[PDB]
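> below you'll find the sequence and an experimental structure to go with it.
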Amino acid sequence: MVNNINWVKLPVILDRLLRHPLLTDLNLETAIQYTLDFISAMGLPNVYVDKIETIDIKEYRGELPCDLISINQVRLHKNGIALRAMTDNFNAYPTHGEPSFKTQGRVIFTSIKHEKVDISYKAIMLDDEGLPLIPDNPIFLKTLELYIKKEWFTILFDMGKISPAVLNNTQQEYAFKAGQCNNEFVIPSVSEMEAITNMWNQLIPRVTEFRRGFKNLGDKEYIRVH
Amino acid sequence: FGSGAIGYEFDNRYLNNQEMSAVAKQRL
């Protein structure tokens, strides 16, 4: 992403929506739901907050943090080597290696009995209140505004209170800014493109970046002169 | 005599169907 994420609160999006005299029955309560539906459906990794925590494993099981949404990696605490996901169908089950993990809910299922792991995960930025804190980026703000407008105009079209050309134009005006908001948060910066250029340009290829925490991924690959 | 609360809403509902049809022909 080129732009930094400045955070502003959720009632920023209702300054914009209640400029429209047909969207004047929106609350924060609908916008709390319709922003979580937008933060999720875009899947933008520059919106979530990267946190790292050390959890300990009791017997192939560990308690996972409460604010987790997506795990980046899980590495051992003593070695530092990272755990691949588990393909095993019979993990902790006994009969009569490269370690792996698996997560469903608030549980992580590991392949090792008694250890400590680090978890690099992602969470939502919150407030003094317990509320989502969204970017200030006016392309993220404008397609979030067109999202809640499209989801409020759909109810007003199903009720028979909005013409077919008004929902058709909002569905078109949003679908441009949804593809645009993808490209704001995805396209690498001038600094992030050197991390790709030093990864894409490798005379001797580096294919074991997952054992480290992708630390040496963007390192420039130097060759000696003879 | 006089009462105009059904001839209103039957003339008003006649006018919804004109404009709901008129906005149904609007194409960008």
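Thanks, I have the structure now. Residues are numbered from 1 along each chain as shown, chains lettered A, B, ... in the order given.
> in chain B, what residue lies closest to chain A?
residue B:23 (3.9 Å; Cβ to the nearest Cβ). In short, each C-beta sits where N, CA and C put it, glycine included.
> so that residue touches residue A:165, yeah?
Yes: here residue B:23 reaches residue A:165: they are 6.8 Å apart, a contact under Cβ atoms under 8 Å.
> number of nearby residues for residue 6?
You didn't pick a chain, so chain A it is. Residues lying near residue A:6 (other Cβ atoms under 10 Å in any protein chain shown) number 8.
> sorry, I should have been clearer: chain B.
8.
> which residues touch stretch A:218-226?
A:194, A:195, A:196, A:198, A:199, A:201, A:202, A:203, A:204, A:206 (Cβ atoms under 8 Å, 6 or more residues apart in numbering or on different chains).
> can you give me the helices for chain B?
B:7-22 (DSSP state H).
> how about the residues of chain B by chain A?
Contact residues, chain B versus chain A (Cβ under 8 Å from any Cβ of the partner chain): B:20, B:23, B:24, B:26, B:27, B:28.
> now, the most widely separated pair of these?
Using Cβ to Cβ, the residues of chain B next to chain A span at most 18.1 Å, a distance reached by B:20 and B:28.
> wait, which of the contacts of stretch A:218-226 is closest to chain B?
Out of those, the member with the shortest distance to chain B (by Cβ to the nearest Cβ) is residue A:196, at 40.6 Å.
> which residues does residue A:115 contact?
So residue A:115 contacts A:56, A:57, A:76, A:77, A:78 (Cβ under 8 Å, 6+ apart).
> beta partners for it?
residue A:57 (DSSP bridges).
> mind checking how far it is from residue A:208?
22 Å (Cβ to Cβ, to the nearest Å).
> repeat that for residue A:27.
Counting by Cβ to Cβ, the gap from residue A:27 to residue A:208 is 51 Å.
> and residue A:71, by the same measure?
Taking Cβ to Cβ, one finds residue A:71 at 20 Å from residue A:208.
> which one's more surrounded, those two?
residue A:71 (16 against 8).
> run a quick neighbour tally on residue 1.
Went with chain A since none was named. 17.
> wrong chain, I was asking about chain B
2.
> quick check: residue A:131 touching residue A:32?
Yes: with contact defined as Cβ under 8 Å, residue A:131 counts as touching residue A:32 (6.9 Å).
> so which of the two has more stuff around it?
residue A:131 (16 against 13).
> now the helices for chain A?
Counting by DSSP H, the helices of chain A are A:12-17, A:28-42, A:138-158, A:164-186, A:192-200.
> packing partners for the last one?
Put plainly, it is helix A:192-200. Helices and strands touching helix A:192-200, by 3 or more Cβ pairs under 8 Å, 6 or more residues apart in numbering or on different chains; DSSP states H and E: there are none.
> restricting to C-alpha, output that helix in PDB.
Extracted C-alpha coordinates of helix A:192-200, given in PDB (Å, rounded to 0.1, in the frame of the first residue of the first chain):
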ATOM      1  CA  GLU A 192       7.400  -2.700  -1.000                       C
ATOM      2  CA  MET A 193       8.500  -3.100  -4.600                       C
ATOM      3  CA  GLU A 194      12.100  -3.300  -3.600                       C
ATOM      4  CA  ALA A 195      11.200  -6.200  -1.300                       C
ATOM      5  CA  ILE A 196       9.600  -7.900  -4.400                       C
ATOM      6  CA  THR A 197      12.400  -7.000  -6.800                       C
ATOM      7  CA  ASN A 198      15.000  -8.400  -4.500                       C
ATOM      8  CA  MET A 199      12.900 -11.500  -4.200                       C
ATOM      9  CA  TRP A 200      12.000 -11.800  -7.900                       C
END
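> on that earlier part again, filter the contacts of residue A:115 down to the buried ones.
Using 16 or more other Cβ atoms under 10 Å in any protein chain shown as the burial test, the contacts of residue A:115 include A:57, A:76 as buried.
> same list (the contacts of residue A:115) but as a markdown table, adding distance to residue A:178.
Listed next are these as a markdown table, based on distance: Cβ to Cβ, whole Å:
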| residue | distance to residue A:178 |
| --- | --- |
| A:56 | 42 |
| A:57 | 41 |
| A:76 | 40 |
| A:77 | 41 |
| A:78 | 45 |
